[PDB]
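Read-outs throughout are calculated quantities, based only on the coordinates presented, and are distinct from any laboratory measurement. Here the Cβ is made from the backbone with ideal geometry for all residues, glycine too, and neighbour counts use every protein chain on show.
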Number of protein chains: 6
Amino acid sequence: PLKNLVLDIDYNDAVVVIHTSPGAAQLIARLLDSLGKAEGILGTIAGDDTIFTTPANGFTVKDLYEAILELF
Amino acid sequence: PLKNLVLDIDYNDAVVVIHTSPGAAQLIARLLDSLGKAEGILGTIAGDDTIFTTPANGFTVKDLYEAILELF
Amino acid sequence: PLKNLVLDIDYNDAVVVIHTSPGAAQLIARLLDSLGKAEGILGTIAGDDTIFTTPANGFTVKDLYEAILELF
Amino acid sequence: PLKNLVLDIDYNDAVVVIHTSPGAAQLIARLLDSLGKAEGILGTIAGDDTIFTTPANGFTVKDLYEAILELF
Amino acid sequence: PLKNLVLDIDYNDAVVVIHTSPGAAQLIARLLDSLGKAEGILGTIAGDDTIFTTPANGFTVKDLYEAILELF
Amino acid sequence: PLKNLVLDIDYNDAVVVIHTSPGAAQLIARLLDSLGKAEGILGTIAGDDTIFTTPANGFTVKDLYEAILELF
């Protein structure tokens with residue numbers, strides 16, 4: 001489960017986009033689950049090797065790209 | 001699948017997120033698909049128990065979180 | 001894989017949103033995955049049969065739209 | 001999640017098959033998981049709205065079909 | 001949505017198994033969905049690019065193979 | 001990626017049933033996807049925390065159980 005499964009992070013005006021080794025998704029996404037709104041995550045969606053993630057109120061897409069790039 | 005399978009509903013600049021009792025996500029998702037552009041629901045995608053819905057042009061997030069929150 | 005399966009393609013101030021025929025999302029979502037960050041594809045999370053895709057920093061939602069419509 | 005989201009229950013010589021209402025698969029799926037091997041469930045895989053469920057190993061399919069049937 | 005997508009069809013003494021060009025999985029799945037109990041299918045479950053489909057009793061998996069092939 | 005994501009492995013007559021830590025479902029089935037009829041995995045449909053894999057012709061569920069065990 002080592003996060004070498006992570007193949008790319010990125011973020012725009014709306015959401016943070018982590019891409020993964022074919023089949024990570026739900027594992028890498030299960031991880032971000034620990035962060036919650038308090039740690040800057042409003043929600044999270046997985047899908048194939050694509051995971052979105054829009055920041056909670058009080059955090060910016062960047063605030064997010066940061067503390068997440070942090071838990072990685 | 002009582003609305004009460006909905007653990008929460010918050011939003012942000014881009015999307016209105018719902019969080020469900022494990023596995024209910026898509027059942028609630030199927031409910032949103034009943035509204036569509038009609039009610040300013042341009043699109044909606046479910047994951048684990050995290051919904052990601054987004055407003056139609058001429059609609060805002062508060063408007064969404066106002067009409068989904070009204071459906072529940 | 002004929003793109004008549006794509007019921008809708010439309011957008012908002014946040015992501016392009018394609019509506020496909022029952023169960024076509026995961027397929028159509030394969031094409032959008034081909035474009036990559038090179039064409040402004042920041043991400044594409046598929047779902048039931050609704051596809052959420054968003055613009056790589058540098059492009060606009062409105063500029064990804066016209067583009068999908070094109071590589072479609 | 002009232003068990004009227006199920007539409008039918010059947011079984012052949014290898015799995016119990018629950019065909020449910022749109023997008024309810026995950027939930028009813030969510031229920032059977034509480035009856036691990038001990039009550040006869042070696043495994044269960046949910047879907048679109050169909051559910052495969054197979055017997056532990058001391059329970060014929062018929063054994064499982066019944067237990068399930070009782071469980072709802 | 002052309003049946004050029006179906007990359008494989010063989011069966012064992014339990015379920016028939018369709019293999020595809022990744023993605024179709026779901027689309028392909030939903031077509032079989034037209035056969036029903038009556039045409040010999042008790043159910044179907046799919047995902048990535050594999051479709052499992054088991055015969056309704058009174059049908060031998062062999063008898064399903066010839067029926068799915070009679071769609072495909 | 002590590003195989004300590006597999007929470008158990010059992011089987012019977014039809015399909016082998018491998019469980020896993022939350023999310024791990026998909027990833028682990030990958031290793032599997034790299035088995036082929038050659039080794040005896042006729043197909044593997046997995047989802048959530050259960051991977052069902054079935055044996056190809058000429059391989060007992062036990063013999064395939066074997067396969068996963070060595071490959072695992």
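Condition check ((1) within 14 Å of chain B (Cβ to nearest Cβ); (2) farther than 16 Å from A:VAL17 by Cβ; (3) of a type outside the set (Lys, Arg); (4) surrounded by fewer than 21 Cβ atoms within 10 Å (Cβ to Cβ)) across all residues:
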residue: C:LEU27; (1), (2), (3), (4): no, yes, yes, no
residue: C:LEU31; (1), (2), (3), (4): no, yes, yes, yes
residue: C:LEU35; (1), (2), (3), (4): no, no, yes, yes
residue: C:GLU39; (1), (2), (3), (4): no, no, yes, yes
residue: C:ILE45; (1), (2), (3), (4): yes, no, yes, no
residue: C:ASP48; (1), (2), (3), (4): yes, yes, yes, no
residue: C:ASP63; (1), (2), (3), (4): no, yes, yes, yes
residue: C:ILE68; (1), (2), (3), (4): yes, yes, yes, no
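If I filter the stretch B:50-61 down to residues being surrounded by fewer than 24 Cβ atoms within 10 Å (Cβ to Cβ) and either within 11 Å of chain A (Cβ to nearest Cβ) or among the aromatic types (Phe, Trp, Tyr) (or both), which single residue comes out as nearest to the chain's Cα centre (by Cα)? In this case the residue turns out to be B:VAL61. Residues of the stretch A:30-72 that are of a type in the set (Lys, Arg) and over 18 Å from A:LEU2 (Cα atoms): A:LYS37, A:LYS62. The set of residues in the stretch B:6-65 being in a loop (DSSP other than H, G, I, E, B) and within 21 Å of A:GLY40 (Cβ to Cβ) consists of B:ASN12, B:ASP13, B:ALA14, B:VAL15, B:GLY47, B:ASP48, B:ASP49. For the stretch E:16-25, filtering for residues that are in contact (Cβ under 8 Å) with a residue 40 or more places away in the chain and surrounded by fewer than 16 Cβ atoms within 10 Å (Cβ to Cβ) leaves 0.
Of all the listed residues (B:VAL61, B:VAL6), the sole one being in contact with an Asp or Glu (Cβ under 9 Å, 6 or more places away or on another chain) and in contact (Cβ under 8 Å) with a residue 40 or more places away in the chain is B:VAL61.
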